[PDB]
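# Per-entry structural report
Next come the chains, spelled out residue by residue.
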Amino acid sequence: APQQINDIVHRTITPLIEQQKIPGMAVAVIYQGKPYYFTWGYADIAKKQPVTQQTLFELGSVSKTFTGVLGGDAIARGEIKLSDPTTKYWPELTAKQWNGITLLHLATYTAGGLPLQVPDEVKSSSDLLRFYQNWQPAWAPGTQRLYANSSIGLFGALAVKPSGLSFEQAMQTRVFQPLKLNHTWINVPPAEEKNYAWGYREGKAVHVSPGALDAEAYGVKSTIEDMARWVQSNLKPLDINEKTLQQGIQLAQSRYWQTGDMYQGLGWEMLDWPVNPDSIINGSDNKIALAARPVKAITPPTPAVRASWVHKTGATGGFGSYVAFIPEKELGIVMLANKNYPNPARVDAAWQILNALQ
Ligand SMILES: Cc1onc(-c2ccccc2Cl)c1C(=O)NCC(=O)O
């Protein structure tokens, strides 16, 4: 790598790893469109396996960016519309609270207080219908944002229904394959298990557990190389040959709602660039187990703004991920770690690196 990138990345990430006691980490910087990779530590402490450019990490909620783009692609194909009622795609959802809840609301956490998690007790499909039928919104649709796997997860499941493909099949054929993300998985195949890092939670090796709507909300695993390619694709969607996918990427970066200085896309979240670092650093803090915020509708949504800090944090029990990029500057970063360490430390490190390179 150019010495500037080497120095900025190492001076930022080495202390982060020490302070957060991260077992293993991979970073990619995209600078003027090209990727530069860095790795530290261990994918598997007990077996002494190092992190490499081929190591798979759990992306956790960064998976929502893939869901948002897959949904965008389904819109571009004419299979769904975000203005469609949820009940168009799930007629069995007859309970009256669903009146007025659209796919847009599901995709952007604005349905009226769908919960962060689908309950663990929900295992069967009939359990899932029961859960959504019985859910009582706290708020009218389109008035408050409450980040929720049960919301965007349902969006992803419904978005692929008209295609007749499973969510995984749709993701593979419509997103992963065209973008050449050949080491990106919803279910890690046996052939790739040697590369699947362990996550570490309180010193114990852990992988994400199966759950309802997992694939749709938090279920992608990927390498640092594929994630750099994902950032490149989202930085420059016009280079993508597949028309509906190019369009879907753009739709996912549209600004649908505003809360504070943040704009909600499909999976992606955005701020105007230049950003107040304190605003993204502090704003990334989970606070917080539940953070209900009034939203303002952006009517109609603003098409993808190039002068944006576009980002997403992700976690599973054992992993912590972060992706951020600035389309106007052809600049981006991916940070994958096998410990779920605090979001503000992720965002602070990413901002230090990108600000130094911008
Ligand atoms: C934030 C956030 O958004 N989704 C998850 C999540 C991921 C996998 C399983 C369950 C959840 Cl809620 C999560 C988070 O904080 N995950 C950490 C964890 O699962 O321990």
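Determination of this PDB entry was carried out by X-ray crystallography to a resolution of 1.350 Å, according to the record.

Another aspect to go through is the nonpolar core. One finds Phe-66, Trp-98, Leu-106 and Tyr-132 to be the most contacted residues of the largest nonpolar core, which totals 76 residues. If near-sequence neighbours (up to four positions away) are discounted, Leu-106 is found in contact with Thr-86, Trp-98, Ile-101, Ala-111, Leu-114, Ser-151, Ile-152, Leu-154, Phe-155 and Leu-158. With 34 residues, the next largest nonpolar core counts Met-25, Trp-273, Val-275 and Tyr-341 among its residues.

To continue, consider the packing of helix α2 (residues 63–76) against helix α7 (residues 167–176). Relative orientation of the contacting elements α2 and α7 amounts to 80°, with a least axis distance of 10 Å. It follows that α2 is roughly perpendicular to α7 by the angle criterion. In this structure, α2 contributes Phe-66, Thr-67, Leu-70 and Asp-73 to the contact, and α7 contributes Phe-167, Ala-170, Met-171, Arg-174, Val-175 and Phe-176. Its residues placed into classes, the contact of α2 with α7 shows seven nonpolar, one polar and two charged.

Bringing the side chain of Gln-133 into the picture now. Tracing the chain through its elements places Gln-133 in helix α5 (residues 125–134). At 3.4 Å, the side chain of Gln-133 and the backbone oxygen of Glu-92 are in polar contact. A polar contact of 3.1 Å, which involves the side chain of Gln-133, links it to the backbone nitrogen of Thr-94. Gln-133 has contacts with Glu-92, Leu-93, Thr-94, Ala-95, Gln-97 and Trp-98, leaving out every residue within four places of it along the chain.

With numbering aligned to this structure, UniProt lists the feature "binding site: a beta-lactam" at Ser-61, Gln-117, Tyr-147, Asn-149, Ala-315 and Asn-340. Among the structural elements, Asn-149 can be located in helix α6 (residues 149–159). Residues contacting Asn-149, with those up to four places away along its chain left out, are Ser-61, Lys-64, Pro-115, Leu-116, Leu-154, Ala-217 and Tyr-218. A distance of 2.6 Å separates polar atoms of two side chains, one belonging to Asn-149 and the other to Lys-64.

Next up on the list: the packing of α2 against helix α10 (residues 243–252). In contact at an axis separation of 7 Å, α2 and α10 are set at 120° when each is read in the N-to-C sense. Regarding the angle of α2 to α10, the classification is oblique. Remark: the crossing between α2 and α10 carries right-handed chirality. Across the interface between the two elements, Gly-68, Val-69, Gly-72, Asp-73, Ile-75 and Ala-76 from α2 touch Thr-244, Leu-245, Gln-247, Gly-248, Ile-249, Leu-251 and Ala-252 from α10. Residues belonging to the contact of α2 with α10 are distributed by class as follows: seven nonpolar, five polar and one charged.

This paragraph deals with the packing of aromatic side chains. Across all of its chains, the model carries 11 aromatic pairs by this definition. When the ring of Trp-90 is compared with that of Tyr-132, the centres are 5.8 Å apart and the planes differ by 70°; the resulting orientation is edge-to-face. In this pair, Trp-90 is assigned in the loop between α3 (86–89) and α4 (103–107) and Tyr-132 in helix α5, connecting sequence segments 42 residues apart. The same class applies to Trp-90 as to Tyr-132, namely buried. Measuring from ring centre to ring centre gives 5.0 Å for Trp-268 and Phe-325, while their planes differ by 90°; the resulting arrangement is edge-to-face. The pair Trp-268 / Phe-325 is uniform in exposure class, with both members buried. Put simply, the rings of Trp-90, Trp-98, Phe-131, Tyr-132 and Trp-135 pair up and form one aromatic cluster. Just above the ring of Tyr-263 sits the side chain of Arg-255; from NZ or CZ to the centre is 4.2 Å. The ring of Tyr-341 carries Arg-346 above its face, with NZ or CZ at 5.1 Å from the centroid.

Neighbouring residues of the ligand: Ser-61, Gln-117, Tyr-147, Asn-149, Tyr-218, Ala-315, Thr-316 and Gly-317. A distance of 3.1 Å is found between a nitrogen atom of the ligand and a side-chain nitrogen or oxygen belonging to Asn-149. For the ligand, the accessible surface in isolation is 430 Å², of which the surrounding protein chains cover 71%. Here the residues of the shell around the ligand sort into three nonpolar, five polar and no charged.

A few words now on the sheet that holds strand β4 (residues 57–58). The strand order across the open sheet formed by three strands is β4-β9-β6, and the pairing between neighbours is antiparallel. Taken across any chain shown, the strands that pair with only one partner, and hence form the sheet edges, are β4 and β6 (184–185).

Thresholds, definitions, all that
Residues numbered from 1 in each chain as written, not as in the entry; some residues may be left out. Heavy atoms only, no water. Residues with missing side-chain atoms left out of burial classes, pairs and counts. Core = buried A, V, L, I, M, F, W, Y, C linked by side-chain atoms within 4.5 Å. Buried < 20%, exposed > 50% of the residue type's maximum accessible area, 1.4 Å probe, protein only. Contact = heavy atoms within 4.5 Å. Axes fitted to C-alpha atoms, helices over the stretch in contact; angles between N-to-C directions. Helix = DSSP H or I, 4+ residues; strand = E, 2+ residues; numbered from the N terminus. Parallel < 35°, antiparallel > 145°, perpendicular 65-115°, else oblique. Nonpolar A, V, L, I, M, F, W, Y, C, P; charged D, E, K, R; others polar. Polar contact = N/O pair within 3.5 Å; in protein donor to acceptor, adjacent residues only side chain to side chain. UniProt positions renumbered as here; feature names shortened; annotations may be inferred. Left-handed = near helix turned anticlockwise from the far one by under 90°. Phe/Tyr/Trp six-rings, centres within 6.5 Å; stacked < 30°, edge-to-face > 60°. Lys NZ or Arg CZ within 6 Å of the ring centre and 35° of its normal. Near = heavy atom within 4 Å. Areas by Shrake-Rupley, 256 points an atom, 1.4 Å probe, with all protein chains shown as cover. Pairing = 2+ DSSP bridges.

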